């Protein structure tokens, strides 16, 4: 009944993929209890750094990527949820269930990737475990893994970036194509789609 109706919590940043130095590695910035409390209140006072954030809801964890001052991620992970921030929950700035894309204003402290203009097809996918996976671009929104991996290896990496050799953002990881549980290809939201959305 109306009085007992629950509210979904915010998406909470719980870590980041560190790409600054010469070694890529995952960092956790908040443990599961803090995350649950932060999800409920929407108030997150933690310092944010970097381009690729690890994010969580009460029930899922995945990635979020800053491009042109927007923190982008997938609708199948974030739904229409707000994101926790120092001043309380922040409403989505973009929502597109047809592209499986959402965006909030990028948190203070984050760094944004620049949209690729190279027209290059040698890409790199960054996972939540900070693996940097070579991907050959195969079409507007697909790319093949040079070395196939079991699905398990990509799970929880949606929202992560595909980058060009110059470190520009080419797309946001959306879905994996598999045969017998082995991922051969990936689907992503092309950065131009984002630029249009904006």
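Positions refer to the first chain, counted from 1.
K.L.:
Would you tell me which stretch averages the higher CA B-factor in the PDB entry, 27-35 or 165-173?
P.N.:
Comparing 27-35 with 165-173, the higher average CA B-factor belongs to 27-35.
K.L.:
If you average the CA temperature factors as listed in the entry, which stretch comes out higher, 91-99 or 116-124?
P.N.:
The stretch with the larger mean CA B-factor is 116-124.
K.L.:
Select one of 145, 55, 52, 132: the residue whose C-alpha shows the highest B-factor in the crystal structure entry.
P.N.:
Out of 145, 55, 52, 132, the record gives the largest C-alpha B-factor to 132.
K.L.:
Quick check for you: using the entry's CA B-factors within this chain, is residue 45 in the lowest, middle or highest third?
P.N.:
Within its chain, residue 45 is a highest-third residue by C-alpha B-factor, going by the deposited values.
K.L.:
Please place residue 107 in the lowest, middle or highest third of its chain by C-alpha B factor as given in the entry.
P.N.:
It falls in the middle third of the chain.
K.L.:
So where's residue 185 on the chain's Cα temperature factor ranking, which third?
P.N.:
Answer is middle: the recorded C-alpha B-factor places it there.
K.L.:
Sorting the chain's CA B-factors, does residue 149 end up in the lowest, middle or highest third?
P.N.:
CA B-factor rank for residue 149: highest third.
K.L.:
Based on the deposited C-alpha B factors for this chain, I'd like to know if residue 12 is in the lowest, middle or highest third.
P.N.:
It falls in the bottom third of the chain.
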